[PDB]
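K.L.:
The following block contains the structure, expressed as structure tokens.
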Amino acid sequence: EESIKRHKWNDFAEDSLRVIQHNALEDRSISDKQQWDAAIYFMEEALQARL
Amino acid sequence: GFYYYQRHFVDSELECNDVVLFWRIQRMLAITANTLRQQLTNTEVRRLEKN
Amino acid sequence: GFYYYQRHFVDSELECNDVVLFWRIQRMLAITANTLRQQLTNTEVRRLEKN
């Protein structure tokens with residue numbers, strides 16, 4: 001209990017993540033079959049759960 | 001589906017662009033998890049040990 | 001394939017920045033010519049008649 005309360009996460013991460021996240025999204029280019037299949041896999045998984 | 005885009009055929013309904021979104025989000029999940037892990041393992045976990 | 005260009009997987013795969021370059025300058029030259037023509041025919045020719 002105590003050790004948790006004496007720790008805080010550095011809030012600046014929120015801004016760093018904002019940049020980093022954008023960069024990972026920024027790649028919109030599926031150049032070949034392998035990434036095409038990975039992309040279709042994740043799309044199928046995410047949509048199948050909601051379906 | 002790959003021929004349609006080589007040929008630019010006009011009667012082709014199929015356009016596979018949702019694939020790019022979920023590819024991007026999969027990679028963004030990976031990048032966010034990894035950045036958070038690195039912040040944890042080099043900055044926050046040692047602060048936790050001190051606390 | 002313009003799509004092979006869009007892939008941009010590797011140099012061996014089609015890397016047609018050349019076609020898009022010559023297209024861009026196609027647009028530049030055509031629009032410059034038409035702008036010059038328009039100023040000529042609606043502004044400069046009537047000024048020429050007055051002079």
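Residue numbering restarts at 1 for every chain of the structure tokens, chains are lettered A, B, ... in their displayed order, and ligands are numbered from 1 as they appear.
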Please produce, as JSON lines, a per-residue contact table for chain B versus chain C (criterion: any atom at most 8 Å away, only C-alpha atoms considered), showing the nearest atom pair and its distance in Å to one decimal, sorted by chain then residue number.
P.N.:
```
{"residue": "B:5", "atom": "CA", "partner": "C:3", "partner_atom": "CA", "distance": 6.0}
{"residue": "B:6", "atom": "CA", "partner": "C:1", "partner_atom": "CA", "distance": 4.7}
{"residue": "B:7", "atom": "CA", "partner": "C:1", "partner_atom": "CA", "distance": 7.2}
```
K.L.:
At a cut-off of 10 Å, which residues of chain B touch chain A? Count only C-alpha atoms and give the answer as a compact mmCIF listing (two decimals) with N, CA, C and O atoms, in the first residue's frame.
P.N.:
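Output saved as out-v5.txt:
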```txt
# COMPACT_ATOMS: atom_id res chain seq x y z
N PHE B 2 -5.67 -7.62 -55.53
CA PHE B 2 -4.57 -6.77 -55.97
C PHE B 2 -4.65 -6.35 -57.43
O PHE B 2 -4.08 -5.31 -57.79
N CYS B 16 -9.92 -1.60 -50.51
CA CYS B 16 -9.51 -2.19 -49.24
C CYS B 16 -8.70 -1.17 -48.43
O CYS B 16 -7.47 -1.24 -48.37
N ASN B 17 -9.40 -0.23 -47.80
CA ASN B 17 -8.75 0.83 -47.03
C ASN B 17 -8.91 0.70 -45.52
O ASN B 17 -8.13 1.30 -44.78
N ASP B 18 -9.91 -0.06 -45.04
CA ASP B 18 -10.04 -0.29 -43.61
C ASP B 18 -8.85 -1.08 -43.07
O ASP B 18 -8.44 -0.93 -41.90
N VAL B 19 -8.25 -1.89 -43.95
CA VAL B 19 -7.09 -2.69 -43.61
C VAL B 19 -5.97 -1.80 -43.09
O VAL B 19 -5.30 -2.12 -42.10
N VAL B 20 -5.77 -0.65 -43.74
CA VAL B 20 -4.72 0.28 -43.33
C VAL B 20 -5.00 0.81 -41.93
O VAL B 20 -4.08 0.93 -41.11
N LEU B 21 -6.25 1.16 -41.64
CA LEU B 21 -6.59 1.64 -40.30
C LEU B 21 -6.22 0.64 -39.23
O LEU B 21 -5.54 0.99 -38.25
N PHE B 22 -6.66 -0.61 -39.38
CA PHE B 22 -6.38 -1.55 -38.29
C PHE B 22 -4.91 -1.96 -38.25
O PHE B 22 -4.39 -2.25 -37.17
N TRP B 23 -4.22 -1.93 -39.39
CA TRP B 23 -2.77 -2.08 -39.37
C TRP B 23 -2.11 -0.99 -38.53
O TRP B 23 -1.28 -1.26 -37.65
N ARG B 24 -2.50 0.26 -38.80
CA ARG B 24 -1.95 1.39 -38.07
C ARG B 24 -2.23 1.27 -36.58
O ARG B 24 -1.36 1.56 -35.76
N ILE B 25 -3.44 0.85 -36.22
CA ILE B 25 -3.79 0.78 -34.81
C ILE B 25 -3.05 -0.36 -34.12
O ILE B 25 -2.64 -0.23 -32.97
N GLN B 26 -2.89 -1.50 -34.80
CA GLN B 26 -2.07 -2.56 -34.22
C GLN B 26 -0.66 -2.06 -33.94
O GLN B 26 -0.12 -2.25 -32.83
N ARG B 27 -0.06 -1.38 -34.91
CA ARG B 27 1.30 -0.89 -34.71
C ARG B 27 1.36 0.19 -33.64
O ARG B 27 2.33 0.28 -32.88
N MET B 28 0.31 1.02 -33.55
CA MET B 28 0.26 2.05 -32.51
C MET B 28 0.11 1.43 -31.13
O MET B 28 0.69 1.93 -30.16
N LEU B 29 -0.67 0.36 -31.01
CA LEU B 29 -0.76 -0.34 -29.74
C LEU B 29 0.61 -0.86 -29.34
O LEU B 29 1.03 -0.70 -28.18
N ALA B 30 1.32 -1.45 -30.30
CA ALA B 30 2.67 -1.94 -30.00
C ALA B 30 3.57 -0.80 -29.54
O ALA B 30 4.29 -0.94 -28.54
N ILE B 31 3.53 0.34 -30.23
CA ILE B 31 4.46 1.42 -29.91
C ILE B 31 4.14 2.02 -28.55
O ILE B 31 5.04 2.32 -27.76
N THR B 32 2.85 2.20 -28.25
CA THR B 32 2.47 2.76 -26.96
C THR B 32 2.86 1.82 -25.83
O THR B 32 3.43 2.26 -24.82
N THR B 35 6.75 2.01 -25.43
CA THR B 35 7.21 3.25 -24.81
C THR B 35 6.88 3.25 -23.32
O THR B 35 7.71 3.65 -22.49
N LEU B 36 5.68 2.81 -22.97
CA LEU B 36 5.31 2.76 -21.57
C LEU B 36 6.20 1.78 -20.81
O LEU B 36 6.63 2.07 -19.69
N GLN B 39 9.64 3.51 -20.23
CA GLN B 39 9.52 4.46 -19.13
C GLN B 39 9.45 3.73 -17.80
O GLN B 39 10.04 4.17 -16.81
N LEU B 40 8.74 2.60 -17.77
CA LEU B 40 8.62 1.82 -16.55
C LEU B 40 9.96 1.25 -16.12
O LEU B 40 10.37 1.40 -14.96
N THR B 43 12.94 4.33 -15.71
CA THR B 43 12.72 5.51 -14.88
C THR B 43 11.85 5.19 -13.67
O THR B 43 12.22 5.48 -12.53
N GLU B 44 10.68 4.59 -13.92
CA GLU B 44 9.69 4.46 -12.87
C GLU B 44 9.96 3.27 -11.95
O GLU B 44 9.69 3.35 -10.75
N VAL B 45 10.48 2.16 -12.49
CA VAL B 45 10.70 0.98 -11.65
C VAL B 45 11.82 1.22 -10.65
O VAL B 45 11.75 0.77 -9.50
N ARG B 47 12.61 4.23 -9.45
CA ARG B 47 12.00 5.11 -8.46
C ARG B 47 11.15 4.31 -7.49
O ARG B 47 11.12 4.60 -6.29
N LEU B 48 10.46 3.28 -7.99
CA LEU B 48 9.67 2.42 -7.12
C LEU B 48 10.56 1.66 -6.15
O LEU B 48 10.21 1.48 -4.98
N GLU B 49 11.70 1.16 -6.63
CA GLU B 49 12.63 0.47 -5.73
C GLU B 49 13.11 1.41 -4.63
O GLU B 49 13.18 1.02 -3.45
N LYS B 50 13.44 2.65 -4.99
CA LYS B 50 13.84 3.63 -3.99
C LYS B 50 12.72 3.87 -2.98
O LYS B 50 12.96 3.90 -1.76
N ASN B 51 11.49 4.04 -3.47
CA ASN B 51 10.37 4.30 -2.57
C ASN B 51 10.11 3.10 -1.66
O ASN B 51 9.77 3.27 -0.49
```
K.L.:
Rounded to one decimal place, report the CA of residue 49 (chain A)-CA of residue 34 (chain B) distance in Å.
P.N.:
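If I compute the distance from CA of residue 49 (chain A) to CA of residue 34 (chain B), I get 24.2 Å.
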K.L.:
So these two share a sequence; what Cα RMSD do you get laying chain B over chain C, all Cα, in order, least squares?
P.N.:
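Computed on C-alpha atoms only, the RMSD stands at 2.5 Å.
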K.L.:
Mind pulling up the distance from CA of residue 11 (chain A) to CA of residue 41 (chain B)?
P.N.:
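Spanning CA of residue 41 (chain B) to CA of residue 11 (chain A) is a straight-line distance of 16.1 Å.
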K.L.:
Would you mind writing down, as an MDAnalysis selection string, each residue of chain A that DSSP on the backbone assigns to helix (DSSP H, G or I)?
P.N.:
chainID A and resid 2:5 13:26 33:50
K.L.:
Please report the interatomic distance between CA of residue 14 (chain A) and CA of residue 42 (chain B) in Å with one decimal.
P.N.:
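These atoms are spaced 17.3 Å apart.
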